[PDB]
């Protein structure tokens, strides 16, 4: 019953959205960022994942990241080669997995990265001096997407559906498109242009658009108002997402574990209520406990609070962030386990739950 904002979406893209809308009541898809690219202790293998090394299964949802594509780089900001990324997207999709993409766009004004707060949104939007730059940046995604296509025996082109999740965590102040660096109206203009350009001008038909504020900057006494800061309108969003690392044990959060569990459930309950009111689908688009320091994290801090409330449980998927490779990145950072990591057995339990689906037990999402 939810309908995509692209009324002409490909059959496979329509099917994915419809099937997520059906599956969400009884199930939760598990996702991992950069899951096939590397893990904490390995890089180079062309078909491997830390998640699979622990559980025997790939994640159901594969997250990927485009930052640097817009500058013509051959690899993204975490050194993931774009040609390999296209291969991995196609491989995951061929197995029935779901694809989602974020984009830590570099700062066009300074040439710095997404964390360089030099103002740029006002320049990029329609009427802005750098509007040609926004078009050029988006054109690089159009080209990347073409490298995901196949053409069948009848001459018809097919693509993997993509849950495209741009301009994320915009209620935070850490990215240049965030609060304090861009006005609310200019952010909305940026989002609306992104959709008009990709869906209407460029006629991409394989996208599902996900909106994803950060929970850590939402007042829980006024959740809906905070969630809807910068919301561009129902004609511009398909997935009512949320990045919530706060209620799952973030080091800076002084709330007790019991308060945090309750807040996780409440955040997802309200997310789902917003999605229901709008005819959309909700998802926990980013979460996790960096370095997996919390005993029984998966069952006690993630699955338990989601399953505690029937509204909260109607999220369609949950994705955790990447497993950075220690040999080349000096800051230890990971959100899924690897063999021998302390939470590995609890992650097996999470996988084993009847609620949680990894790639190996997905129904056919694309018909």
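Residue numbers count along the first chain shown, from 1.
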- prompt: So which stretch wins on mean C-alpha B-factor, 131-139 or 147-155?
  reply: 147-155
query: If you average the Cα B factors in the entry, which is higher, 288-296 or 161-169?
result: 288-296
query: What's the residue among 198, 268, 105, 257 with the greatest CA temperature factor in the PDB record?
result: 257
- prompt: Out of 331, 313, 49, 323, which shows the largest CA B-factor listed in the entry?
  reply: 331
- line: Assert third(CA B-factor, residue 250) within chain per record equals highest
- request: Pull the Cα B-factor of residue 33 out of the PDB entry and bin it into the chain's lowest, middle or highest third.
  value: lowest
- prompt: Among the modelled residues of its chain, does the C-alpha B-factor of residue 59 lie in the lowest, middle or highest third?
  reply: lowest
statement: Of the three thirds of the chain ranked by Cα temperature factor, residue 194 occupies the lowest
message: Split into thirds by Cα B-factor across the chain's modelled residues, where does residue 205 land: lowest, middle or highest?
response: lowest
